[PDB]
$ cat data30.pdb   # PDB, C-alpha atoms (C1' of nucleotides)
MODEL        1
ATOM      1  CA  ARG A   1       0.000   0.000   0.000
ATOM      2  CA  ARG A   2       0.957   3.643  -0.493
ATOM      3  CA  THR A   3       0.873   6.424   2.042
ATOM      4  CA  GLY A   4      -0.474   9.513   0.254
ATOM      5  CA  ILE A   5      -4.251   9.318   0.386
ATOM      6  CA  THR A   6      -6.883  12.038   0.267
ATOM      7  CA  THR A   7      -9.059  13.254   3.136
ATOM      8  CA  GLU A   8     -12.219  11.919   1.496
ATOM      9  CA  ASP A   9     -10.993   8.325   1.113
ATOM     10  CA  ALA A  10     -10.266   7.795   4.812
ATOM     11  CA  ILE A  11     -13.595   9.320   5.850
ATOM     12  CA  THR A  12     -15.317   7.163   3.219
ATOM     13  CA  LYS A  13     -13.711   4.044   4.722
ATOM     14  CA  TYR A  14     -14.590   4.928   8.320
ATOM     15  CA  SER A  15     -18.177   5.832   7.445
ATOM     16  CA  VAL A  16     -18.958   2.765   5.358
ATOM     17  CA  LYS A  17     -17.322   0.233   7.676
ATOM     18  CA  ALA A  18     -19.660   0.951  10.613
ATOM     19  CA  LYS A  19     -21.747  -2.232  10.419
ATOM     20  CA  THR A  20     -18.765  -4.555  10.041
ATOM     21  CA  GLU A  21     -16.695  -2.855  12.725
ATOM     22  CA  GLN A  22     -19.482  -3.067  15.280
ATOM     23  CA  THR A  23     -20.237  -6.708  14.451
ATOM     24  CA  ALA A  24     -16.515  -7.348  14.868
ATOM     25  CA  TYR A  25     -16.484  -5.628  18.264
ATOM     26  CA  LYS A  26     -19.323  -7.944  19.292
ATOM     27  CA  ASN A  27     -16.923 -10.888  18.832
ATOM     28  CA  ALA A  28     -14.011  -8.974  20.315
ATOM     29  CA  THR A  29     -15.947  -9.008  23.604
ATOM     30  CA  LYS A  30     -15.627 -12.824  23.666
ATOM     31  CA  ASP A  31     -11.944 -12.423  22.920
ATOM     32  CA  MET A  32     -11.495  -9.726  25.597
ATOM     33  CA  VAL A  33     -12.840 -11.883  28.449
ATOM     34  CA  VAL A  34      -9.808 -14.158  28.725
ATOM     35  CA  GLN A  35      -7.253 -11.557  27.606
ATOM     36  CA  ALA A  36      -8.393  -8.872  30.043
ATOM     37  CA  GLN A  37      -6.433 -10.243  33.002
ATOM     38  CA  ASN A  38      -3.292  -8.579  31.701
ATOM     39  CA  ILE A  39      -4.854  -5.571  33.467
ATOM     40  CA  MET A  40      -4.735  -7.551  36.714
ATOM     41  CA  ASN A  41      -1.138  -8.691  36.122
ATOM     42  CA  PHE A  42      -0.058  -5.158  35.188
ATOM     43  CA  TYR A  43      -1.495  -3.371  38.201
ATOM     44  CA  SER A  44      -0.367  -6.174  40.511
ATOM     45  CA  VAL A  45       3.263  -5.977  39.418
ATOM     46  CA  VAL A  46       3.213  -2.163  39.368
ATOM     47  CA  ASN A  47       1.482  -1.515  42.721
ATOM     48  CA  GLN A  48       3.552  -4.190  44.498
ATOM     49  CA  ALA A  49       6.705  -2.241  43.615
ATOM     50  CA  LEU A  50       5.441   1.354  43.816
ATOM     51  CA  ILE A  51       3.086   1.476  46.830
ATOM     52  CA  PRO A  52       5.932   1.012  49.385
ATOM     53  CA  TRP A  53       8.249   3.482  47.602
ATOM     54  CA  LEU A  54       5.684   6.258  47.111
ATOM     55  CA  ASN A  55       4.120   5.474  50.461
ATOM     56  CA  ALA A  56       7.335   5.591  52.501
ATOM     57  CA  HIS A  57       9.361   8.190  50.624
ATOM     58  CA  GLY A  58       6.850  10.902  51.428
ATOM     59  CA  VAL A  59       5.104  11.878  48.205
ATOM     60  CA  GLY A  60       1.569  13.168  48.397
ATOM     61  CA  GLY A  61      -1.755  12.075  47.042
ATOM     62  CA  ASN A  62      -2.169  13.645  43.642
ATOM     63  CA  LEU A  63       1.499  13.522  42.491
ATOM     64  CA  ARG A  64       1.429   9.732  42.690
ATOM     65  CA  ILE A  65      -0.183   9.797  39.230
ATOM     66  CA  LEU A  66       2.712  11.740  37.711
ATOM     67  CA  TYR A  67       5.030   9.114  39.155
ATOM     68  CA  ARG A  68       2.699   6.495  37.645
ATOM     69  CA  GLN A  69       3.077   8.240  34.273
ATOM     70  CA  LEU A  70       6.830   7.736  34.520
ATOM     71  CA  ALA A  71       6.634   4.128  35.746
ATOM     72  CA  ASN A  72       3.909   3.122  33.287
ATOM     73  CA  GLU A  73       5.810   4.486  30.295
ATOM     74  CA  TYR A  74       8.865   2.554  31.485
ATOM     75  CA  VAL A  75       6.825  -0.661  31.762
ATOM     76  CA  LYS A  76       5.480  -0.115  28.224
ATOM     77  CA  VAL A  77       9.043   0.206  26.903
ATOM     78  CA  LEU A  78       9.854  -3.004  28.805
ATOM     79  CA  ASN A  79       7.026  -5.224  27.597
ATOM     80  CA  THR A  80       7.587  -4.253  24.011
ATOM     81  CA  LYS A  81      10.686  -6.517  24.489
ATOM     82  CA  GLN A  82      13.487  -3.942  24.903
ATOM     83  CA  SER A  83      16.353  -4.774  27.275
ATOM     84  CA  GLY A  84      19.056  -2.745  28.974
ATOM     85  CA  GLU A  85      21.011  -1.351  26.023
ATOM     86  CA  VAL A  86      18.082   0.931  25.176
ATOM     87  CA  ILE A  87      16.998   1.349  28.811
ATOM     88  CA  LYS A  88      20.331   3.002  29.729
ATOM     89  CA  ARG A  89      19.310   5.831  27.330
ATOM     90  CA  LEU A  90      15.565   6.002  27.873
ATOM     91  CA  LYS A  91      16.085   6.369  31.637
ATOM     92  CA  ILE A  92      17.869   9.700  31.233
ATOM     93  CA  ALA A  93      15.388  10.705  28.506
ATOM     94  CA  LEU A  94      12.458  10.119  30.871
ATOM     95  CA  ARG A  95      14.402  11.814  33.676
ATOM     96  CA  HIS A  96      14.710  15.006  31.643
ATOM     97  CA  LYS A  97      11.104  14.794  30.426
ATOM     98  CA  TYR A  98       9.542  14.447  33.863
ATOM     99  CA  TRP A  99      11.971  16.962  35.312
ATOM    100  CA  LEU A 100      10.634  19.337  32.675
ATOM    101  CA  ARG A 101       7.060  18.797  33.938
ATOM    102  CA  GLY A 102       7.948  20.182  37.355
ATOM    103  CA  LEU A 103       9.321  17.376  39.496
ATOM    104  CA  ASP A 104      12.363  17.607  41.766
ATOM    105  CA  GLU A 105      15.631  15.920  40.855
ATOM    106  CA  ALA A 106      16.339  14.851  44.453
ATOM    107  CA  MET A 107      13.367  12.530  43.981
ATOM    108  CA  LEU A 108      14.319  11.630  40.410
ATOM    109  CA  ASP A 109      17.825  10.283  40.984
ATOM    110  CA  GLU A 110      16.536   7.903  43.663
ATOM    111  CA  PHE A 111      13.499   6.972  41.586
ATOM    112  CA  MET A 112      15.556   6.216  38.465
ATOM    113  CA  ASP A 113      17.830   4.109  40.638
ATOM    114  CA  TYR A 114      14.679   2.428  41.938
ATOM    115  CA  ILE A 115      13.016   1.445  38.630
ATOM    116  CA  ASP A 116      14.939  -1.636  37.710
ATOM    117  CA  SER A 117      12.572  -3.969  39.577
ATOM    118  CA  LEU A 118       9.731  -3.292  37.123
ATOM    119  CA  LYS A 119       9.636  -5.900  34.328
ATOM    120  CA  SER A 120       7.379  -7.105  31.524
ATOM    121  CA  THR A 121       3.716  -7.904  32.160
ATOM    122  CA  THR A 122       1.678  -9.094  29.189
ATOM    123  CA  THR A 123       1.337 -12.785  28.375
ATOM    124  CA  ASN A 124      -0.968 -14.814  26.138
ATOM    125  CA  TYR A 125      -4.025 -16.593  27.508
ATOM    126  CA  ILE A 126      -5.452 -18.492  24.525
ATOM    127  CA  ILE A 127      -3.947 -21.851  23.553
ATOM    128  CA  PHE A 128      -4.736 -23.526  20.248
ATOM    129  CA  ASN A 129      -5.483 -27.176  21.231
ATOM    130  CA  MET A 130      -6.559 -28.757  17.909
ATOM    131  CA  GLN A 131      -8.269 -31.645  19.751
TER
ATOM    132  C1'  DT B   1     -75.033   7.511  82.340
ATOM    133  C1'  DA B   2     -70.758   4.835  83.846
ATOM    134  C1'  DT B   3     -67.987   0.269  82.270
ATOM    135  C1'  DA B   4     -65.494  -4.225  79.486
ATOM    136  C1'  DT B   5     -64.807  -5.558  73.647
ATOM    137  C1'  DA B   6     -62.897  -4.011  68.729
ATOM    138  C1'  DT B   7     -63.112  -0.031  63.797
ATOM    139  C1'  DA B   8     -61.384   5.089  62.441
ATOM    140  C1'  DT B   9     -61.323  11.191  63.947
ATOM    141  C1'  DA B  10     -59.358  14.855  66.864
ATOM    142  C1'  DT B  11     -56.964  17.482  71.666
ATOM    143  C1'  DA B  12     -50.830  18.019  72.702
ATOM    144  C1'  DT B  13     -46.580  16.153  73.239
ATOM    145  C1'  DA B  14     -42.493  13.063  73.934
ATOM    146  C1'  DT B  15     -41.390   7.327  72.272
ATOM    147  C1'  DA B  16     -40.692   2.334  69.553
ATOM    148  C1'  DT B  17     -41.866   0.340  63.971
ATOM    149  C1'  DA B  18     -41.299   1.113  58.574
ATOM    150  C1'  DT B  19     -42.217   4.573  53.351
ATOM    151  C1'  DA B  20     -40.115   9.106  50.953
ATOM    152  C1'  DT B  21     -38.592  15.200  51.384
ATOM    153  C1'  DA B  22     -35.172  18.572  53.066
ATOM    154  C1'  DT B  23     -30.932  21.088  56.792
ATOM    155  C1'  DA B  24     -24.996  20.235  55.994
ATOM    156  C1'  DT B  25     -21.081  17.790  55.646
ATOM    157  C1'  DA B  26     -17.855  13.632  55.833
ATOM    158  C1'  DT B  27     -17.975   8.077  54.431
ATOM    159  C1'  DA B  28     -18.999   2.665  52.344
ATOM    160  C1'  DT B  29     -22.079   0.494  47.754
ATOM    161  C1'  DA B  30     -23.160   0.850  42.242
ATOM    162  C1'  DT B  31     -24.812   3.893  37.139
ATOM    163  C1'  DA B  32     -22.694   7.800  33.680
ATOM    164  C1'  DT B  33     -20.240  13.209  32.781
ATOM    165  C1'  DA B  34     -15.973  16.003  33.212
ATOM    166  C1'  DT B  35     -10.195  17.848  35.032
ATOM    167  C1'  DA B  36      -5.368  16.103  33.179
ATOM    168  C1'  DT B  37      -2.051  12.412  31.756
ATOM    169  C1'  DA B  38       0.607   8.045  31.387
ATOM    170  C1'  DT B  39      -1.103   2.258  31.147
ATOM    171  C1'  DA B  40      -3.699  -2.771  30.216
ATOM    172  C1'  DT B  41      -8.353  -4.692  26.852
ATOM    173  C1'  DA B  42     -10.721  -4.672  21.934
ATOM    174  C1'  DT B  43     -13.390  -1.776  17.063
ATOM    175  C1'  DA B  44     -11.697   1.352  12.627
ATOM    176  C1'  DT B  45      -8.673   6.017  10.401
ATOM    177  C1'  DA B  46      -3.995   7.836   9.324
ATOM    178  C1'  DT B  47       1.903   8.734   9.160
ATOM    179  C1'  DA B  48       6.035   5.311   6.201
ATOM    180  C1'  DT B  49       8.046   1.395   4.604
ATOM    181  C1'  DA B  50       9.541  -3.612   4.096
ATOM    182  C1'  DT B  51       6.846  -8.821   5.202
ATOM    183  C1'  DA B  52       3.365 -13.254   5.599
ATOM    184  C1'  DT B  53      -2.444 -14.308   3.878
ATOM    185  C1'  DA B  54      -6.082 -14.445  -0.062
ATOM    186  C1'  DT B  55      -9.483 -11.321  -4.410
ATOM    187  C1'  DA B  56      -8.645  -9.038  -9.477
ATOM    188  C1'  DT B  57      -5.560  -5.238 -13.248
ATOM    189  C1'  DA B  58      -1.517  -4.282 -15.914
ATOM    190  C1'  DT B  59       4.674  -5.085 -17.657
ATOM    191  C1'  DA B  60       6.806  -8.941 -20.856
ATOM    192  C1'  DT B  61       7.536 -13.669 -22.551
ATOM    193  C1'  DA B  62       7.843 -18.822 -22.373
ATOM    194  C1'  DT B  63       4.828 -23.270 -20.353
ATOM    195  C1'  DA B  64       0.820 -27.076 -18.303
ATOM    196  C1'  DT B  65      -5.270 -26.869 -18.159
ATOM    197  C1'  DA B  66      -9.919 -26.637 -20.943
ATOM    198  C1'  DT B  67     -13.765 -23.200 -24.555
ATOM    199  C1'  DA B  68     -14.123 -21.559 -29.997
ATOM    200  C1'  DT B  69     -11.688 -18.821 -34.755
ATOM    201  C1'  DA B  70      -8.221 -19.153 -38.517
ATOM    202  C1'  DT B  71      -3.284 -21.107 -41.739
ATOM    203  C1'  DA B  72      -2.767 -25.602 -45.053
ATOM    204  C1'  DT B  73      -3.455 -30.404 -46.137
ATOM    205  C1'  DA B  74      -4.093 -35.725 -45.309
ATOM    206  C1'  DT B  75      -7.066 -39.100 -42.010
ATOM    207  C1'  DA B  76     -10.884 -41.879 -38.391
ATOM    208  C1'  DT B  77     -16.587 -40.292 -36.661
ATOM    209  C1'  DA B  78     -21.599 -39.348 -38.093
ATOM    210  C1'  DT B  79     -25.769 -35.529 -40.993
ATOM    211  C1'  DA B  80     -27.433 -34.316 -46.304
ATOM    212  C1'  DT B  81     -26.130 -32.564 -51.846
ATOM    213  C1'  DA B  82     -23.971 -33.887 -56.312
ATOM    214  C1'  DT B  83     -20.613 -37.108 -60.458
ATOM    215  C1'  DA B  84     -21.960 -41.771 -63.173
TER
ENDMDL
END
$ encode --input "data30.pdb" --output "structure tokens"
Amino acid sequence: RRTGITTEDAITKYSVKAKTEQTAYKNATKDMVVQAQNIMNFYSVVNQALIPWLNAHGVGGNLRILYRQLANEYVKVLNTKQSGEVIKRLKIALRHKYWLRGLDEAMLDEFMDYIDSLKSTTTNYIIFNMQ
DNA sequence: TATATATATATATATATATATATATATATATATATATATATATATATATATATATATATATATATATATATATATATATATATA
């Protein structure tokens, strides 16, 4: 396929596919039931490592989300299968980015030293089983 | 007229039992809307290429599979016309 496509062609696709995309979402519910426990695995392995750190290092209520933004982006980079040779660069990239959004670096050096215990989350939960 | 037995009305308060309204905040249970981002689950659109899966069009030839037309004759299969 190309790239360069007009504004009308994409709108024409999205408008005419409405019936098929909703009758495909109706089957994607059946598929989502068994695959949805990656949510449970994700928040288990993130809260089990961040609730003691945030809770005992002294950060407040509503800044915990900004720290979750940092940790969640790091876990996304992890479970797209990317090991330490890219992580040693994306750690200082994320450090500068969330310093730029108003955090304090006396928290950030300790937090970037802390996030090496977060790992990959998502697995597969549908086996083939031809029998 | 005064009592004992039950059905409802009032007179004026304070109680115990349940149905809903408010007064003003705080909380536990669920349905949705927002504020602002970063995630995990799926439906489609794009940005830009290279892949694997199938539907068709072309580029240029060569080949295996069948449907018909010709080129030039010779022959096996049947339908009819002539020659004598």
$ residues_around --input "data30.pdb" --residues "stretch 32-49 of chain B" --least-positions-apart "4" --cutoff "8 Å" --atoms "only C-alpha atoms (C1' of nucleotides)" --output "ChimeraX atom specification"
/A:3,10-11,13-14,17,21-22,24-25,28-29,31-32,35-36,38-39,42,66,68-70,72-73,76
$ closest_residue --input "data30.pdb" --among "A:41, A:82, A:15, A:7" --to "residue A:123" --atoms "all atoms listed in the file"
A:41
$ atom_distance --input "data30.pdb" --atom1 "atom CA of residue A:71" --atom2 "atom CA of residue A:89"
15.3 Å
$ atom_distance --input "data30.pdb" --atom1 "atom CA of residue A:50" --atom2 "atom CA of residue A:86"
22.5 Å
$ residues_around --input "data30.pdb" --residues "residue A:80" --least-positions-apart "4" --cutoff "10 Å" --atoms "only C-alpha atoms (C1' of nucleotides)" --output "PDB file with C-alpha atoms, in the coordinates of the input"
ATOM      1  CA  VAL A  75       6.825  -0.661  31.762  1.00  0.00           C
ATOM      2  CA  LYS A  76       5.480  -0.115  28.224  1.00  0.00           C
ATOM      3  CA  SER A 120       7.379  -7.105  31.524  1.00  0.00           C
ATOM      4  CA  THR A 121       3.716  -7.904  32.160  1.00  0.00           C
ATOM      5  CA  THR A 122       1.678  -9.094  29.189  1.00  0.00           C
TER       6      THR A 122
END
$ atom_distance --input "data30.pdb" --atom1 "atom CA of residue A:56" --atom2 "atom CA of residue A:79"
27.2 Å
$ resolve_selection --input "data30.pdb" --expression "the PyMOL selection byres ((chain A and resi 67) around 12)" --output "PyMOL selection string"
(chain A and resi 46-47+50-51+53-55+59-66+68-74+94-95+98-99+101-104+107-108+111-112+115) or (chain B and resi 37-38)
$ axis_aligned_box --input "data30.pdb" --around "stretch 46-64 of chain A" --padding-each-side "6 Å" --output "JSON"
{"center_x": 3.6, "center_y": 4.7, "center_z": 45.9, "size_x": 23.5, "size_y": 29.8, "size_z": 25.1}
$ closest_residue --input "data30.pdb" --among "B:50, B:82, B:56, B:10" --to "chain A" --atoms "all atoms listed in the file"
B:50
$ closest_residue --input "data30.pdb" --among "A:130, A:87, A:77, A:106" --to "chain B" --atoms "only C-alpha atoms (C1' of nucleotides)"
A:77
